[PDB]
Each structure stands twice: as structure tokens, then as C-alpha cells.
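*Asks:* Sharing a structure with you now.
Counting neighbours? That spans all protein chains shown, and the Cβs are built from the backbone with ideal geometry, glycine included. Each reported figure results from applying straightforward, stated rules to the coordinates on display, with no laboratory input.
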Amino acid sequence: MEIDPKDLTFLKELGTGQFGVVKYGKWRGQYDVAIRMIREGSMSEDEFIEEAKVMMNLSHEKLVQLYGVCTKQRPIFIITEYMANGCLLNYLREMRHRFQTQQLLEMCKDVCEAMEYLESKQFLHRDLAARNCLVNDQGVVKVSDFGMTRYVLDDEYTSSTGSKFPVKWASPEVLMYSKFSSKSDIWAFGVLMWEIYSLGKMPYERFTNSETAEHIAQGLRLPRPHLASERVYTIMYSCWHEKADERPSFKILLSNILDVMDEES
Ligand SMILES: Nc1ncnc2c1c(-c1ccc(Oc3ccccc3)cc1)nn2[C@H]1CCCNC1
């Protein structure tokens, strides 16, 4: 729902993100929130505003809540659940020697659950990666910035060959046909799992986007992380089938994950 900025407070600067500055603050006094000021000229505003009403009704424990927005001024404000420990990529890098494999698999259960809820709502992320997931004060991981890429005006961020396109998370059908589906989000989730168990290493770090696209197209797959068991690796590898329909759904994926968690006792 719309929020009167009168009911907001700006308390701290968190930095400028992909879509503009973000600040920590309090909503209605008792709610820790993160307020994003939408970079001007970056978004299809009218379309984005109308779609925001759809993305507001999405609720799930492992999905960064949207509490509301302020659109009756510019820049649009986005009021979201405050994730004190920030992006999963940076949480992973700062705490490399703190994670036991049980917490890593947990982080995968969190993400997989959020993506299974998005699967059940027929809502695609289109840019699933570790850089778009956030962590709250209890170490829980939650997905964010879902569906945002549908409204970026910069064509580098959108085209298959754009200099800013996340090639390293894209499925072959996204690179070759721009056919976005839940299966491409599954491929991306596989890459994300690899990020998690790699503790935030860049997938195909020493490959240009073109080199990555071509290697993937001819069968190359990420190496088993040092901290990944052969069963976890089997799961993220099953996410990377050439045939999209050959990839397991997030529900089947969550089940396999939970089987591994049970077997790690
Ligand atoms: N929610 C946060 N909690 C804590 N930290 C945060 C955020 C955000 C953030 C704000 C709005 C936002 O919009 C959304 C769009 C679609 C769905 C959900 C949200 C997405 C993310 N940035 N940051 C930090 C990360 C590190 C660098 N500085 C900024």
C-alpha cells in the first residue's frame, strides 16, 4: 500500500545499489525498513508502478517483503523488510571461515523455498543470483529484486549480448532465444547454489561472457566446490540440464535438498 513519507525516518546510508540509493530507517517507528530511491531514468516508471501493485501481494517468509511504495513523489520510494546482514554475496565473502556445511545447505533450503513459492505463483525472477539475495539478522537468506529486470531502460542490462547481462547465470535458451521460464530460474538457482558452496566465488571467473556462453553451449559445467558433497553437487548439476524441461522443478529440488539435509545427520 501507499506510504506517506511523513511516516518514515531516514537513519543511515547503506549505499547505492543497482537501482539507486538505499537507506536504513524506521517505518511507523517500530519497523526496521530499507528505503530505496529509484534511480531516475532507469525504470519504465508507469509500467513499473502498475506492476508494483502485483509484486506487493507476494508474501513468503523467505522473500524480502515489500511493505509499500511512495510513488506520489519522485524518486519512487520502495519500503522493504530490513535485511541487516545485507547481500548474500558479501555475507559469504566476509564470513568464509564461519560457515559449516549445514548452514550452507540451509541457505539453499531458504532460497529454494522462496523460488518454489514464486514457481507456484507463476512469477519469474529473471535474474536469480547471489548478488540479489539478502540476509537478515538471524543469518536467514531471502530472495529480492525479483521481476525488476522487466523494466530497465538500459538495453545493455536487457539484451542477450548486452555488456551488463548476467550471462554467467543464464540458461542456454535465454542466451539463444530469450525464452524466459521457471526453468531458466532453475538454471540460475544451480549457479546460485554453486556460489553458496563456493563462498561467493564468481562463476566462470576467468571467462569472458562470450567464452562462458560458448563453453556452456558445448557442455561445460561448473566444477564441484571444495565444500560441496557429491550429493549437493548432483543437485546443482541437475539444475544445469541442456533441455529446460529436463530440469527438475523447484519443488522436486526442495525435496532432494531436504533429503540431503536429513542424510547429513
Ligand atoms: N532491502 C534491503 N535490506 C538491506 N540492505 C539492503 C536492502 C536493499 C534493497 C532495497 C530495495 C530493494 O527493492 C526491492 C525490489 C524488489 C524486491 C524487493 C526489494 C531491494 C534491495 N539494498 N540493501 C543494501 C545492500 C548492500 C548495499 N547497500 C544497499
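*Asks:* So, in nm, how far is label residue 252 from label residue 202 when the simple model puts each one 7 Å beyond its Cα toward the Cβ?
*Replies:* Result: 3.4 nm between the two label points.
*Asks:* Which parts of region 227-265 would a label at residue 176 reach, counting a residue when its backbone N lies under 11 Å from a point 7 Å out along Cα-to-Cβ?
*Replies:* Within reach of a label on residue 176: 242-244.
*Asks:* I've got another one for you. Just need the relative contact order of region 5-81 here, percent rounded to a whole number, with Cα pairs under 8 Å and 6+ apart. Walk me through the numbers on the way to the answer.
*Replies:* Values: 120 pairs, mean separation 19.5, N = 77.
25 percent.
*Asks:* Using Cα-Cα distances under 8 Å and only pairs 6 or more residues apart, what relative contact order does region 138-217 have, in percent? Could the numbers behind the result be given before it?
*Replies:* Numbers: 53 pairs, mean separation 18.2, N = 80.
This gives 23 percent for region 138-217.
*Asks:* Multiply the residue gap between residue 30 and residue 44 by 0.36 nm, knock off their C-alpha separation, and tell me the result in nm, one decimal place.
*Replies:* Details: separation 14, 0.36 × 14 = 5.04 nm, distance 3.23 nm.
Result: 1.8 nm gained on full extension.
*Asks:* Mind putting a number on the dipole of the chain about its Cα centre? Charges go on the C-beta only, +1 for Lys and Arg and -1 for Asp and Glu, and I need it in Debye to the nearest 20. Could the numbers behind the result be given before it?
*Replies:* Working: 32 positive and 39 negative charges, 102 e Å.
About 500 debye.
*Asks:* Something else now. Let me know the shape class of region 43-130, please: from the alpha-carbon gyration tensor, a ≥ b ≥ c as square roots of the eigenvalues, rounded when a/c is under 1.5, otherwise prolate if a/b is greater than b/c, or oblate. Walk me through the numbers on the way to the answer.
*Replies:* Working: a/c = 2.64, a/b = 1.71, b/c = 1.54.
Since a/c reaches 1.5 and a/b is larger than b/c, the shape of region 43-130 is classed as prolate.
*Asks:* To continue, here is another question. Can you classify region 86-264 as rounded, prolate or oblate using the Cα gyration tensor, where a ≥ b ≥ c are the square roots of its eigenvalues, rounded means a/c under 1.5, and otherwise it's prolate if a/b beats b/c and oblate if not? Mind dumping the intermediate values first?
*Replies:* Values: a/c = 1.38, a/b = 1.34, b/c = 1.03.
Rounded shape, in that the Cα axes give a/c under 1.5.
*Asks:* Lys/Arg Cβ at +1, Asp/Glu Cβ at -1, dipole of region 86-264 taken about the Cα centre: which of 228, 138, 153 is farthest positive-ward?
*Replies:* So the residue furthest toward the plus end is 153.
*Asks:* What is the dipole size for region 42-106, taken about its Cα centre, with +1 at each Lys and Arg Cβ and -1 at each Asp and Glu Cβ, in debye to the nearest 20? Each step should come with its number before you reach the end.
*Replies:* On the way: 7 positive and 9 negative charges, 73 e Å.
Roughly 340 debye, rounded to the nearest 20.
*Asks:* Please state the charge dipole magnitude for region 113-195, taken about the Cα centre, from unit charges on C-beta atoms (+1 on K and R, -1 on D and E), reported in debye and rounded to the nearest 20.
*Replies:* Here the size comes out at about 140 debye.
*Asks:* Shifting gears a bit: Which of the three applies to region 1-90, rounded, prolate or oblate, going by the alpha-carbon gyration tensor with a ≥ b ≥ c and a/c under 1.5 meaning rounded? Numbers along the way, then the final one.
*Replies:* Working: a/c = 1.21, a/b = 1.20, b/c = 1.01.
It is rounded, given that a/c, with a ≥ b ≥ c, falls under 1.5.
*Asks:* So which of 12/168; 6/142; 72/183; 179/201; 23/201; 53/243 end up more than 31 Å apart by C-alpha? Before the final figure, lay out the partial values.
*Replies:* Values: 12/168 33 Å; 6/142 28 Å; 72/183 37 Å; 179/201 27 Å; 23/201 27 Å; 53/243 34 Å.
Where the Cα-Cα span goes over 31 Å, the pairs concerned are 12/168; 72/183; 53/243.
*Asks:* Run the numbers on the chain and let me know its relative contact order in percent, using alpha-carbon pairs under 8 Å that are six or more apart.
*Replies:* Working: 422 pairs, mean separation 42.4, N = 265.
Over the chain, the number comes to 16 percent.
*Asks:* Mind checking which of 80, 111, 70 is farthest towards the positive end of region 63-126's charge dipole, using Cβ charges of +1 (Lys, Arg) and -1 (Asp, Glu) about the Cα centre?
*Replies:* So the residue we want is 70.
*Asks:* For the pair residue 55/residue 231, report the inter-label distance in nm, with labels modelled 7 Å from Cα in the Cβ direction.
*Replies:* A separation of 3.6 nm, rounded to one decimal place.
*Asks:* Can you list which of the chymotrypsin sites (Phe, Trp or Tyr not before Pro) found in region 108-197 are DSSP loop residues with at most 11 other C-beta atoms within 10 Å?
*Replies:* Values: sites: 117, 123, 146, 151, 157, 169, 177, 180, 187, 189, 194, 197; in loops: 123, 146, 157, 177, 180.
Hits after loop and neighbour filter: 177.
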